[PDB]
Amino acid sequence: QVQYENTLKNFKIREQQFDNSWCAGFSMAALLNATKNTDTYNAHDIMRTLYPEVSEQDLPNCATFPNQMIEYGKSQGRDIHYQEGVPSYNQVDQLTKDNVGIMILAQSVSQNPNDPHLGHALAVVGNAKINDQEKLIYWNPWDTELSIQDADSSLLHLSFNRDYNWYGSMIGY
């Protein structure tokens, strides 16, 4: 049972990530649609904006770099900054009440040095107290629903039984 829930005002899941590497476009689009109170951002268009030269055929395989996350943000009137680690429960609480969007940067949990890391971006939605414990609420673009994270943990248990480490965030959307 939920004792307290604090989410971004106008956040709504509107599209879902399938066979492309556009998780940062999905996350930025959802955060910007939330803070700007619109439905006019979408993953495809953002990735197209980031990769003007790339053929339609090859666009699905384009991924996103940190500098693009910050510069795209700037073009939309947002001052984005990187923060290492997981944000605290109180920091998320303030940012969410202040209508400021947080993008999660996550990396797959690697078995040994030869096992390549996979990168994935997600959107923070807010925070909650559930059964007396502090939680962060997040949206994985692979999914059509929200997820719950122990605020004291950087280990994300994503759908399809995939674990990722939340290593840092881009704050300011």
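When you see a residue number, it is the position in the sequence shown, counting from 1.
Of the two stretches examined, 25 to 33 and 108 to 116, the record assigns the greater average C-alpha temperature factor to 108 to 116. Split the chain's modelled residues into thirds by C-alpha temperature factor. Residue 123 is in the lowest one. Sorting the modelled residues of the chain by their CA temperature factor places residue 134 in the highest third. Per-chain ranking of the deposited C-alpha B factor places residue 90 in the highest third. The PDB entry assigns residue 69 a C-alpha temperature factor belonging to the lowest third of its chain's modelled residues.
For residue 148, the recorded CA temperature factor ranks within the highest third of the chain's modelled residues.
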